[PDB]
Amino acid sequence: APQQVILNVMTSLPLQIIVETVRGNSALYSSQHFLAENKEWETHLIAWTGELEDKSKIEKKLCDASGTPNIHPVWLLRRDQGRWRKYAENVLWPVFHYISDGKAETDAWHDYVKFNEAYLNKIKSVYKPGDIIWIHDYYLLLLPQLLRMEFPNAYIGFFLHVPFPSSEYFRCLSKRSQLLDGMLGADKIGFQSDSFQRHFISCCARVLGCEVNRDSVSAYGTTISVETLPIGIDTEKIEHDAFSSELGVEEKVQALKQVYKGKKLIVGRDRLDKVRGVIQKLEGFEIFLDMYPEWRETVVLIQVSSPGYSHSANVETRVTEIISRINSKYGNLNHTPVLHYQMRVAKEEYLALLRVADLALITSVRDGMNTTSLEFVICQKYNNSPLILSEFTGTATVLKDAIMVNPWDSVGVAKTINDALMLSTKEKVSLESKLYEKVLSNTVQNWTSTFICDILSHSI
């Protein structure tokens, strides 16, 4: 459904070098795929991979050669590769998320600029006048200006998957002007939520002299368009996998149904981080067990977690301490209230987990979008299990009718969990209807098509 009369640029390639990268860009990856299988225009992919003879790079290409292909990668040689991730993860990520003492920051900045430079280098290497350029996220904040300087009139769009911080937090950055500058090269810039748009605009007016209004930031004697376009999932594929007989999700669902007979299941998947709010979920769950003796022995919380980059070590320690406390207090030999899986689970196992779920709880402190909630809503269309959503997550912006909570308010989280578990059948079915068609309203495909159309629409 993309209009007919593309380069997609990313932090990392969807596949690691030994293969598939789970690294959690699935809504994004789905968009890339949608782009790859388009026939009206064929997409080219620009990205880097930091992994654990220069034609042996073409050995790794040799069977990183699924693709369209001709996927376009970038290579950084050096030992302590993590450096590439260091400015982005140690400086930008915490600030953008409203959150480490290094004095090597300048070196990290050096690496950051190098990263962006290599991206530009490759892009110009294979660019053909008249391309449309799409770039994603914080690793590539510099790039739009480099492309605009290198090219005066190319159509360039930038989308930020992560949150954008308020001017108060953004000012902290030493390079703040260069990052803002950098971003101002795209004709069109996209955000998950209204607040991030407002914050970016405010940043552009305060840190830089640029003159702004509610949808436009104007500088260079040029006008830049900013937008709120929350990303969607690939609904058709997720629904198909969730409910297809071939993939074998059904056996797993019935097997899990067999294991947890007579028990209510709360299922969530989050990275172990400050922002994803696992701690608040566990605290609320503990309070919930505290308040309602009726639900003791009968409620099991299943949490599957993904590893964090660092300074989430204490997050893992705290989360773990709370889990140990809850299981010590309310657990026995046959019943374990909290199940914590830190291993990578299979896609079918995951979808199974979502389908068997009697509850979904999202307690994110701050994020661009919660994919898991949407996927859960798809997985519950026939079963109609309730979703509880943090008001601070970006998905609260699109799923307005969903049950809402303040994750910091643990006692409230408890009350809400009790309320959701005790919902009448019709309430469940109706709410799931509303949320389901609301999710179905924005597909990844339509979101991706709409955004390309917006980039083109403004670059006139």
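Numbers follow the displayed sequence, beginning with 1.
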Missing residues of the deposited chain between residue 18 and residue 19 number 10 or more
Relative to the deposited sequence, how many residues with no modelled coordinates occur between residue 99 and residue 100 (none, 1 to 3, 4 to 9, 10 or more)? 4 to 9
So which stretch wins on mean C-alpha B-factor, 165-173 or 292-300? 292-300
Between 323-331 and 212-220, name whichever shows the higher mean Cα B factor according to the PDB entry. 212-220
Looking only at 380, 197, 310, 258, the Cα with the top B-factor belongs to 310
Using only the C-alpha B-factors in the record, can you name which of 266, 352, 71, 315 has the highest? 71
Residue 138 CA temperature factor, ranked by third within the chain: middle
Split the chain's modelled residues into thirds by Cα B-factor; is residue 188 in the lowest, middle or highest one? middle
In terms of the chain's CA B-factor thirds, is residue 90 lowest, middle or highest? middle
Considering every modelled residue of the chain and its Cα B-factor in the PDB entry, is residue 277 in the lowest, middle or highest third? lowest
Report the third (lowest, middle or highest) to which the CA temperature factor of residue 232 belongs, ranking only the modelled residues of the same chain. middle
